[PDB]
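Below: the structure, in structure tokens.
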Amino acid sequence: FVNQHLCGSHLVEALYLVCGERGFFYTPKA
Amino acid sequence: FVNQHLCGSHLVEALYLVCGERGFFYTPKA
Amino acid sequence: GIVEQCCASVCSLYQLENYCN
Amino acid sequence: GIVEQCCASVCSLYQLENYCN
């Protein structure tokens, strides 16, 4: 699921699954 | 969609929609 | 944090927006 | 940033994990 183009909710969903209890930051402007 | 219990992917999904181009931080340990 | 406020309890827009960049 | 690396181009685990807390 990670090694593809991931946009919008798809990207957010990959971050959620990978990062787990760490959480993550989603900075699309940065 | 916001004024309810939001957990896991559901929460992440609400942040994504509300925050839009700003993005967000998801810090479940903090 | 967000889990206590939005998962264990009912979320709000006001609170959700505190986590936007 | 993440969009250029993972949306406009093919993502990676290595890169995705740079955005974990």
Side-chain angles (χ1 to χ4, degrees), chain A, chain C:
Chain A
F1 66 103
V2 174
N3 295 295
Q4 65 193 100
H5 294 91
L6 293 169
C7 301
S9 66
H10 301 196
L11 182 49
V12 159
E13 175 163 307
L15 288 162
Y16 170 72
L17 291 173
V18 164
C19 296
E21 99 169 78
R22 301 176 276 179
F24 62 89
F25 51 101
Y26 175 58
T27 46
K29 292 344 291 170
Chain C
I2 194 177
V3 174
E4 296 60 47
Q5 301 315 318
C6 286
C7 171
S9 310
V10 177
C11 202
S12 66
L13 182 56
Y14 183 100
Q15 287 186 280
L16 211 52
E17 282 202 324
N18 282 337
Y19 297 99
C20 302
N21 298 132

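Chain letters run A, B, ... following the sequence lines, proteins first and then strands; every chain starts at 1.
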key: Exercise: identify the closest heavy-atom pair between C/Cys6 and C/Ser12   =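 What the structure gives for the nearest pair is SG-N, 4.3 Å.
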
task = Identify the heavy atoms of C/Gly1 and C/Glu4 that sit nearest to each other, and give their distance.
result = N-OE1, 2.8 Å

task = Nearest 0.5 Å please: distance from the SG atom of C/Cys11 over to the CG atom of C/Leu16.
result =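 Reported value, rounded in 0.5 Å steps: 4.5 Å.
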
Residues from [range] approaching chain C under 4.5 Å (heavy atoms):
range	answer
residues 11-21 of chain A	none
residues 23-30 of chain A	A/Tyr26, A/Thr27
residues 2-9 of chain A	none

Qualifying salt bridge (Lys or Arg N to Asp or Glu O under 4.0 Å) pairs with a residue from residues 6-21 of chain C, counting only residues at least two apart or across chains =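 For residues 6-21 of chain C, and leaving out neighbouring residues, the salt bridge (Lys or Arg N to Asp or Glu O under 4.0 Å) pairs sorted by first residue read B/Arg22-C/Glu17.
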
